[PDB]
Amino acid sequence: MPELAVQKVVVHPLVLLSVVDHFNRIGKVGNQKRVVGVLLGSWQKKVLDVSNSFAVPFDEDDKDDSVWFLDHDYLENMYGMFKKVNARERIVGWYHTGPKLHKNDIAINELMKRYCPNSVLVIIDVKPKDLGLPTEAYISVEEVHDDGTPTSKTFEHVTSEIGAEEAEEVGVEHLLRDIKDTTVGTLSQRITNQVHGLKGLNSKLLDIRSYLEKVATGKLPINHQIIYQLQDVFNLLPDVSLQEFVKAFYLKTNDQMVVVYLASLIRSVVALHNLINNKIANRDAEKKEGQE
Amino acid sequence: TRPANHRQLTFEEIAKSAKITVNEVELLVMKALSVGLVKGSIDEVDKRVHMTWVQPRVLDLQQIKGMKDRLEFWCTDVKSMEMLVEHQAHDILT
Amino acid sequence: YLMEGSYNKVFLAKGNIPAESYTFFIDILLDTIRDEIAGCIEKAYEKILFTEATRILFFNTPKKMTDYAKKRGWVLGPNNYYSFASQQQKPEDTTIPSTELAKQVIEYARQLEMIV
Numbered sequence: 001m002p003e004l005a006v007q008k009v010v011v012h013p014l015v016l017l018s019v020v021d022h023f024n025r026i027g028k029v030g031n032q033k034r035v036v037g038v039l040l041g042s043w044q045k046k047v048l049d050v051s052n053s054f055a056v057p058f059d060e061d062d063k064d065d066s067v068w069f070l071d072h073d074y075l076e077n078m079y080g081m082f083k084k085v086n087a088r089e090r091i092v093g094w095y096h097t098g099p100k101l102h103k104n105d106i107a108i109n110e111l112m113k114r115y116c117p118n119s120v121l122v123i124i125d126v127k128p129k130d131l132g133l134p135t136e137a138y139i140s141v142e143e144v145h146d147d148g149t150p151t152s153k154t155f156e157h158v159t160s161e162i163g164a165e166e167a168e169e170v171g172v173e174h175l176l177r178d179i180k181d182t183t184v185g186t187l188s189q190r191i192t193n194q195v196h197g198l199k200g201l202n203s204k205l206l207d208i209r210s211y212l213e214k215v216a217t218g219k220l221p222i223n224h225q226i227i228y229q230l231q232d233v234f235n236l237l238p239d240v241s242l243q244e245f246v247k248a249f250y251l252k253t254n255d256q257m258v259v260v261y262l263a264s265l266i267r268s269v270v271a272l273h274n275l276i277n278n279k280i281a282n283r284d285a286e287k288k289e290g291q292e
Numbered sequence: 283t284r285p286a287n288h289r290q291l292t293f294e295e296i297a298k299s300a301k302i303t304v305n306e307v308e309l310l311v312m313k314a315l316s317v318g319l320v321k322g323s324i325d326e327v328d329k330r331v332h333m334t335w336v337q338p339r340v341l342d343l344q345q346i347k348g349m350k351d352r353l354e355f356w357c358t359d360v361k362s363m364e365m366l367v368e369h370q371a372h373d374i375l376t
Numbered sequence: 235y236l237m238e239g240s241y242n243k244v245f246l247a248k249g250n251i252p253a254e255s256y257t258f259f260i261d262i263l264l265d266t267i268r269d270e271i272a273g274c275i276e277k278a279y280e281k282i283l284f285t286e287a288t289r290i291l292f293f294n295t296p297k298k299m300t301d302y303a304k305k306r307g308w309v310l311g312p313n314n315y316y317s318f319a320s321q322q323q324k325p326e327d328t329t330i331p332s333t334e335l336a337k338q339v340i341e342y343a344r345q346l347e348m349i350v
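Chains as they are written, first to last, in the authors' numbering: chain U, 1 to 292; chain O, 283 to 376; chain T, 235 to 350.
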């Protein structure tokens, strides 16, 4: 929002498991379907800490977009059922099992808003495939446009991630002793971050390339806004200050080595002293290996 | 028009298309640097202007088709570099 | 003289006459000598007069020196003018390093992570 009352939406693992369990509750022949629940959580700043969620009977036509049903009475019963068990559990939004956005969503956003303003969507996936997080958070804002078109309820993206508690931490810990990820030490861990990062940039850019190629040919009406922003992108690329930048970057590297040199050197001396310690312990073990 | 590192314009190059001598052009750039249509700097002594950022404005279907291949071109740079540190680095480290 | 370019080596190719068989064969070398000399002079100067170039490459005539000022590609103004090919375009790009130095960094990491 323009309001600094929303920004970091942080979903705890048991929610993720909860929507992925809900997606198989319905999952009979009603699968292949958007399923919706309400997000319970707490928050007090630029966060929306999500903690609990429970499916709400939900149906939706598979060719229409004004034929959606959501048992809000069920909500006004359960919401109290869970309040009676934990205070401090308002309704901070509602989740929608992807795979991506539907025109219908905004409609839902106003039958959930009759409880809590600021409600957010949290698109969670039922299929691991993305390499970034399977948790995108949107808000229902509205704006005015330079083209002069009537105000709209759009959806605006806010950064997202998942966090944890000690409880959560420990349960997850326990569940990933099969797929060990701790054998990997620091240095390599961060090299992984820097290759896996390119694995992101690559596919994001790829998606923009498919879009531009989509309007140029195989027509799809142009939306001037996208192309606008897409110009700022190519002005921001680091280029025009080429020579000077070169002469500086080289220098800062030079420093970087100076300190690496020192590091590796001390490391060597210390390890070698370790070796002297082994040799002397071996001589004095050889005086014992004799004797009687 | 100038797309690249080449983003400097010379006073005597602006004046000819703006139809005014080189004593107005100074102020003229300053109104642009004010409203925001331009961000950058005047290098008055050597008669240069530094055009660092210029507001967007609508394009047509023929300019987009060039941007597509300009962006593609960048994509394969990324691909190849990722492929550079999957070999070697990823191989051993993890 | 050959290995460390010193000239006066064309002059001593007719002064090594104490054994005549030397002066018969050594003539061959004199076509490489001219080449190395012009190889350095292509970088060492930028304006000399024409008759001096005739005195340096050990020619007697102007005609020969026209042909050899045509193979290297120089112009024939009042003084024989050069073209800058010593460091025509500098190595002002560490974008060319870029990939290579990143390989190296990765390599260090391998030695600090391997199981030894």
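All residues carry an ideal CB built from backbone N, CA and C; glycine is no exception.
Proximal chain T residues relative to residue i, where beta-carbon distance stays under 7 Å
{"i": "U/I266", "result": "What U/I266 touches in chain T: nothing, since even the nearest Cβ is about 13 Å away."}
{"i": "U/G197", "result": "Near U/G197 there are no residues of chain T at all, since even the closest Cβ is about 14 Å away, more than 7 Å."}
Contacts that residue i makes with chain U (C-beta to C-beta distance below 7 Å)
{"i": "T/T300", "result": "Going along chain U, no residue has its Cβ under 7 Å from T/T300, so there is no contact; the nearest lies around 41 Å."}
{"i": "O/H369", "result": "Ordered by position in chain U, no residue passes the 7 Å Cβ test against O/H369, which lies about 10 Å from the chain."}
{"i": "T/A303", "result": "By Cβ distance, chain U contributes nothing, its closest Cβ being about 35 Å from T/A303, past 7 Å."}
{"i": "O/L341", "result": "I227"}
{"i": "O/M363", "result": "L198"}
Residue i and residue j closer than 8 Å at C-beta
{"i": "O/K350", "j": "U/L212", "result": "yes"}
{"i": "U/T97", "j": "U/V19", "result": "yes"}
{"i": "U/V120", "j": "U/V10", "result": "no"}
{"i": "U/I124", "j": "U/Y79", "result": "no"}
{"i": "T/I260", "j": "T/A247", "result": "yes"}
{"i": "T/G239", "j": "T/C274", "result": "yes"}
{"i": "U/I208", "j": "O/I346", "result": "no"}
{"i": "T/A343", "j": "U/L187", "result": "yes"}
{"i": "T/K281", "j": "T/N250", "result": "no"}
{"i": "U/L206", "j": "U/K214", "result": "no"}
{"i": "T/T329", "j": "U/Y250", "result": "no"}
{"i": "U/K129", "j": "U/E142", "result": "no"}
{"i": "O/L375", "j": "U/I179", "result": "no"}
8 Å Cβ cut-off: residues of chain U touching residue i
{"i": "T/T328", "result": "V246, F249, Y250"}
{"i": "T/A343", "result": "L187, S188, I191"}
{"i": "O/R289", "result": "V240"}
{"i": "O/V311", "result": "Within chain U, no residue comes near O/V311; the closest Cβ sits about 18 Å away, beyond 8 Å."}
Close-in-space but distant-in-sequence residues of the same chain around residue i (CB under 7 Å, 5 per side omitted)
{"i": "O/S323", "result": "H332"}
{"i": "U/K199", "result": "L131"}
{"i": "U/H102", "result": "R34"}
Candidates the options: closest to residue i by CA position
{"i": "U/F69", "options": "U/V47, U/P134, U/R34, U/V92", "result": "U/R34"}
{"i": "T/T285", "options": "T/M348, T/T333, T/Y315", "result": "T/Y315"}
{"i": "U/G93", "options": "U/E136, U/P128, U/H102, U/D62", "result": "U/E136"}
{"i": "U/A5", "options": "U/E244, U/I227, U/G197, U/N118", "result": "U/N118"}
{"i": "U/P99", "options": "U/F23, U/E165, U/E161", "result": "U/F23"}
{"i": "U/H72", "options": "U/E89, U/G37, U/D49, U/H196", "result": "U/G37"}
{"i": "U/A164", "options": "U/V246, U/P2, U/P13", "result": "U/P13"}
{"i": "O/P285", "options": "U/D239, U/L251, U/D65", "result": "U/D239"}
{"i": "U/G171", "options": "U/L17, U/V85, U/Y138", "result": "U/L17"}
{"i": "T/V350", "options": "U/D62, U/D284, U/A271", "result": "U/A271"}
Chain T contact residues for residue i, given Cβ-Cβ distances below 8 Å
{"i": "U/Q243", "result": "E326"}
{"i": "O/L366", "result": "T333, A336, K337"}
Closer than 8 Å at the beta carbon, the chain O residues around residue i
{"i": "T/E347", "result": "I374, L375"}
{"i": "U/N202", "result": "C357, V360, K361, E364"}
Nearest-angstrom Cα separation, counted from residue j out to residue i
{"i": "O/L291", "j": "O/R330", "result": "6 Å"}
{"i": "U/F155", "j": "U/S140", "result": "5 Å"}
{"i": "U/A263", "j": "O/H369", "result": "27 Å"}
{"i": "U/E161", "j": "U/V144", "result": "29 Å"}
{"i": "O/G348", "j": "T/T288", "result": "56 Å"}
{"i": "T/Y235", "j": "T/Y241", "result": "7 Å"}
{"i": "T/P296", "j": "O/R352", "result": "55 Å"}
{"i": "T/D269", "j": "O/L366", "result": "43 Å"}
{"i": "U/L265", "j": "U/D255", "result": "16 Å"}
{"i": "T/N294", "j": "T/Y302", "result": "13 Å"}
{"i": "U/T151", "j": "U/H196", "result": "40 Å"}
{"i": "U/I280", "j": "U/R267", "result": "21 Å"}
{"i": "U/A55", "j": "U/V233", "result": "41 Å"}
{"i": "T/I267", "j": "T/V244", "result": "8 Å"}
{"i": "U/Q225", "j": "T/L346", "result": "49 Å"}
Contacting residues, own chain, Cβ-Cβ under 8 Å from residue i (five flanking each side not counted)
{"i": "U/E60", "result": "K33, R34, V67, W68, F69, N104"}
Own chain partners of residue i with C-beta closer than 6 Å, once the 5 adjacent residues on each side are dropped
{"i": "O/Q337", "result": "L319"}
{"i": "O/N305", "result": "none"}
{"i": "U/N109", "result": "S140"}
{"i": "U/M112", "result": "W94, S119"}
Beta-carbon neighbours of residue i, restricted to chain O and to distances below 9 Å
{"i": "U/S188", "result": "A371, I374, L375, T376"}
{"i": "residue 293 of chain U", "result": "Residue 293 of chain U falls outside the range modelled here, since chain U spans only 1 to 292, and no answer is possible."}
Listed by chain order, chain O residues near residue i by CB distance under 7 Å
{"i": "U/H224", "result": "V340"}
Contacts that residue i makes with chain U (C-beta to C-beta distance below 9 Å)
{"i": "O/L353", "result": "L205, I208, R209, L212, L230, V233, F234"}
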